[PDB]
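>>> So I've got this experimental structure, pasted below with the sequence.
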Amino acid sequence: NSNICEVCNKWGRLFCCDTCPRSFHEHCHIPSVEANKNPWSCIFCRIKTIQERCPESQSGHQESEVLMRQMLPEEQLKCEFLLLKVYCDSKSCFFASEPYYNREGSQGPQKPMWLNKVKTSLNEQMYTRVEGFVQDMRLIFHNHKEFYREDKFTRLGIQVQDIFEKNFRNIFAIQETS
Ligand SMILES: [Zn+2]
Ligand SMILES: [Zn+2]
Ligand SMILES: [Zn+2]
């Protein structure tokens with residue numbers, strides 16, 4: 001196995017995947033690494049198994065159809081993985097915890113959102129459809145863009161949204177277009 005966490009790339013107290021070489025800190029993995037389970041397969045392995053069990057699940061889909069899906073186990077899992085993929089980029093540190101807003105010439109968003117709040121919402125099964133999770137994810141970056149205006153710090157929002165959107169199209173097998 002790897003000697004660093006796959007998500008945050010740091011050493012420490014790591015839990016090792018039994019079906020691939022990846023390793024994780026307890027609360028870096030989503031869901032948090034399970035108490036027992038021998039052997040244990042990580043989220044990457046579990047997502048791979050879904051695809052292998054239903055090869056056709058990789059044929060192209062319409063975003064509109066994906067967003068209306070109910071958060072049954074497999075969609076719950078895919079959303080956990082997509083969130084994990086955002087946390088894997090170091091730039092996610094800017095969006096992880098609860099933000100605050102006091103900048104001259106700007107007003108805070110009406111509905112603040114951050115990655116840890118989405119993490120909790122997923123953990124407590126608060127979303128009934130994929131749409132709920134994707135809306136909150138996109139809100140994080142949209143709140144950022146609006147608040148930071150012409151400061152070049154706005155680009156952090158663009159960069160992390162691009163990671164989200166690429167991984168969304170990949171995980172949910174969205175039909176490729178120009
Ligand atoms: Zn970690
Ligand atoms: Zn694995
Ligand atoms: Zn099948």
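Good, I have the coordinates. Residues are numbered from 1 along each chain as shown. Ligands and ions are numbered 1, 2, ... in the order given.

>>> Report the residue ranges of every domain in the protein.
By the assignment in curated CATH domains, the chain contains the domains 1-59, 60-178.

>>> Can you name every helix or strand that the helix or strand residue 146 falls within contacts?
Using DSSP states H and E, the element containing residue 146 is helix 130-148. Identification of packing neighbours for helix 130-148 by 3 or more CB pairs under 8 Å, 6 or more residues apart in numbering; DSSP states H and E yields helix 63-68, helix 73-87, helix 93-96, helix 115-123, helix 154-171. Yep, even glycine has a C-beta here, placed from its N, CA and C like the rest.

>>> Next, the buried residues of stretch 129-139.
Neighbour counts using 16 or more other CB atoms under 10 Å place 130-134, 136-137, 139 of stretch 129-139 among the buried residues.

>>> who's in contact with it?
66-71, 75, 79, 82-83, 86, 111, 113, 117-118, 121-122, 126-127, 161, 164, 168, 172 (CB atoms under 8 Å, 6 or more residues apart in numbering).

>>> From those, list just the buried residues.
For those, burial is judged from neighbour counts taken by 16+ other CB under 10 Å, and it is met by 66, 69, 71, 75, 79, 82-83, 86, 113, 118, 121-122, 127, 161, 164, 168, 172.

>>> near ligand 2, which residues of this protein?
Contact residues, the chain versus ligand 2 (CB under 5 Å from the ion): 17, 19-20, 42, 44-45.
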